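Working notes, beginning with the structure itself.
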Amino acid sequence: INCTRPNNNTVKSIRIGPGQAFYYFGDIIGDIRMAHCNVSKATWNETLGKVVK
Amino acid sequence: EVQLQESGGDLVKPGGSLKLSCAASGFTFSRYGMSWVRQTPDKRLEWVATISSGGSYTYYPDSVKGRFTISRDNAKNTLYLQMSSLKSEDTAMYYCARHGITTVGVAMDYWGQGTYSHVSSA
Amino acid sequence: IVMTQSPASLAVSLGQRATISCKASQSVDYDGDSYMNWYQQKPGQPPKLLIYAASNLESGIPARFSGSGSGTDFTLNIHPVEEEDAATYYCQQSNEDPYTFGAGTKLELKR
Amino acid sequence: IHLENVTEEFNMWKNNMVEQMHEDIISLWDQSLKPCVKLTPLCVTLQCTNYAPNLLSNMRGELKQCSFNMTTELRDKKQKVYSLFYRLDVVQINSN
Amino acid sequence: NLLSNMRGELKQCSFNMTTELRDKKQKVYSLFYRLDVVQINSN
Ligand SMILES: *[C@@H]1O[C@H](CO)[C@@H](O[C@@H]2O[C@H](CO)[C@@H](O[C@@H]3O[C@H](CO)[C@@H](O)[C@H](O)[C@@H]3O)[C@H](O)[C@H]2NC(C)=O)[C@H](O)[C@H]1NC(C)=O
Ligand SMILES: *[C@@H]1O[C@H](CO)[C@@H](O)[C@H](O)[C@H]1NC(C)=O
Ligand SMILES: *[C@@H]1O[C@H](CO)[C@@H](O)[C@H](O)[C@H]1NC(C)=O
Ligand SMILES: *[C@@H]1O[C@H](CO)[C@@H](O)[C@H](O)[C@H]1NC(C)=O
Ligand SMILES: *[C@@H]1O[C@H](CO)[C@@H](O)[C@H](O)[C@H]1NC(C)=O
Ligand SMILES: *[C@@H]1O[C@H](CO)[C@@H](O)[C@H](O)[C@H]1NC(C)=O
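Protein chains in written order, with PDB author numbering: chain P, 294 to 309, 312 to 321, 321A, 322 to 347; chain H, 1 to 52, 52A, 53 to 82, 82A to 82C, 83 to 100, 100A to 100D, 101 to 114; chain B, 2 to 27, 27A to 27D, 28 to 108; chain A, 84 to 140, 149 to 185, 187 to 188; chain L, 137 to 140, 149 to 185, 187 to 188.
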């Protein structure tokens, strides 16, 4: 299985204080594609036919 | 802030071999989206939207099918379109606009320039 | 496909109140109600935003009018009017698959 | 070492070492997580609406361009922020 | 409290308390014996 996340979406950081460096989400640059996974089709057919026997 | 230079000489009987080009501005050209609105006499005038960088649309409305062909160039910071096989009930393409952020659905926060060019029967 | 609403080409006697409505182009809208904004133009100018983000007054225009919004059916309001206010106001709201407006105004002060 | 001429009964589902793998990972997880930074004061009320090209994607879902007030370094100063959160991280209470 | 053998101390009492949200307060109503309350030196 291959699984990816397209939007690399740079971050920022502020300070709660004293000494609590909080990280939070920044901003999108580029297109937007949601996360997904590819899978080999015929092999998934083959092992599913294998398990049902 | 900077308006958009346009160019239209659309005076051609119905073969739509007719290129129309947009321009650039002083703002950044990437990380936003654009659209296109024409001008009809008093009937709400067009709805043709476009994409961001590599976005997932090529035609925004129906009834433009096979005739729309919007493109975009990030390099020279200027897009253009081609409207092949032009029908009647059609004046010209007129305006360019910008989508912008911090809105909710969509908005046309700036307006480049409107260009009038009647197409039929010179 | 929509079915927009406007009463007519309007008029005003400079009396601070002018409410025009577009009730239901289509069905209702969800929790992120997403009804977009009203534009203006006059024959000597390109179109221009009035309101932004379905509720609140634009940074760039002075603070002298607003509009109401509730779910599907709503209208505008206005608050003391003057010379450059009489214009053409278009009503686009719907943002899912098409972008649409069919409504429109022609407003002019009464002599 | 291979064995010879030996049988033995075997039963899973009653083995004790599955719980000892269960108990220590729980004690490992919190112990690795405890002495780093705490945050109580974040969950403050907030108004929120979606992001603009969220409607311009295959993912027409939820991004929620969002903002709130947060206490700063000094106790008598507040600050304004702007951030993003998914729908599965936020819920409303039952005007913006 | 005045209607009992125990004519003593119940002190039906109330205050402000922070809620789960940091920008919201709330009103409560409760009871405390005088052996668990004492004043400072108007109500
Ligand atoms: C998982 O499956 C998807 C489904 O096909 C794969 O997506 C495909 O990815 C390629 C590589 O980016 C895309 O091709 C690109 O097209 C642009 C168009 O200008 C071109 O400039 C690029 O050079 C490239 O050729 C392709 O369109 C895309 N297909 C889709 C989205 O349907 C994906 O690669 C697979 N693997 C992973 C790890 O996600
Ligand atoms: C995404 O990755 C590219 C790779 O070169 C990088 O330049 C960019 O800063 C990253 N972040 C974005 C587009 O927000
Ligand atoms: C997943 O990615 C690896 C990377 O080398 C590739 O070899 C493999 O074929 C991919 N699997 C797919 C596309 O099912
Ligand atoms: C799996 O492969 C068999 C052939 O071995 C075929 O008959 C069957 O339709 C396939 N099923 C799917 C879900 O691809
Ligand atoms: C933040 O605090 C200021 C202080 O008056 C207030 O005006 C503003 O509405 C607050 N914003 C939020 C999101 O709480
Ligand atoms: C609780 O807070 C409100 C806020 O003004 C105040 O009016 C009230 O007197 C307070 N009550 C007590 C018991 O502190």
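Ideal Cβ placement from N, Cα and C applies to all residues, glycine included.
Residue state for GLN103 (chain A) is assigned as helix, using DSSP reduced to three classes. Within chain H, the residues placing a beta-carbon under 7 Å from that of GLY324 (chain P) are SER52A, ordered along the chain.
Taking 7 Å as the cut-off, the C-beta of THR297 (chain P) counts as close to a heavy atom of ligand 1.
Counting only residues of its own chain and dropping the five nearest sequence neighbours on each side, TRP103 (chain H) has a CB closer than 7 Å to the CB of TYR91, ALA93. A contact between stretches requires three or more CB pairs, one per stretch, nearer than 8 Å, and the segment 168 to 183 of chain A meets this requirement with the segment 151 to 158 of chain A.
Excluding its 5 nearest sequence neighbours in each direction, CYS157 (chain A) has C-beta neighbours in its own chain below 7 Å: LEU129, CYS131, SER174, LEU175, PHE176, listed in chain order.
Inter-residue distance for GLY106 (chain H) and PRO43 (chain B) is about 7 Å (C-alpha atoms, whole angstroms).
By the neighbour-count criterion, in which 16 or more other beta carbons inside 10 Å mark a residue as buried, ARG71 (chain H) falls on the buried side. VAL48 (chain H) sits in a strand when the DSSP states are folded into three classes. Counting of Cβ neighbours within 10 angstroms places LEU15 (chain B) among the exposed residues, the total staying below 16.
Per the coordinates, the alpha-carbon of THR85 (chain B) lies some 9 Å from the alpha-carbon of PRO40 (chain B). Contact residues of the segment 7 to 38 of chain H toward chain P are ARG31 (C-beta to C-beta distance below 7 Å). For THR337 (chain P), the uninterrupted alpha helix (DSSP H) segment begins and ends at 335 to 346. Between ligand 1 and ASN332 (chain P), a heavy atom-to-CB distance of less than 7 Å is present. Residue environment analysis places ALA74 (chain H) among the exposed positions, since fewer than 16 neighbouring C-beta atoms fall within 10 angstroms of its C-beta. Using a cutoff of 7 Å, the CB of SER158 (chain L) counts as near ligand 6, since one of the ligand's heavy atoms is closer than that. Annotation: the continuous beta strand (DSSP E) that includes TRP35 (chain B) extends over 35 to 38. Between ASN149 (chain A) and the set H:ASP61, H:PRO60, H:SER52, the nearest pair of CA atoms involves H:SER52. Within chain H, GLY33, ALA49, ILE51, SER52, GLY54, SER55, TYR56, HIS95, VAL100B have C-beta atoms less than 9 Å from the C-beta of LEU139 (chain A), given in sequence order. Secondary structure at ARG94 (chain H): strand, using DSSP grouped into helix, strand and coil. In its chain, beyond the 5 residues on either side, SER158, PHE159, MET161 have a beta carbon closer than 7 Å to the beta carbon of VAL172 (chain L).
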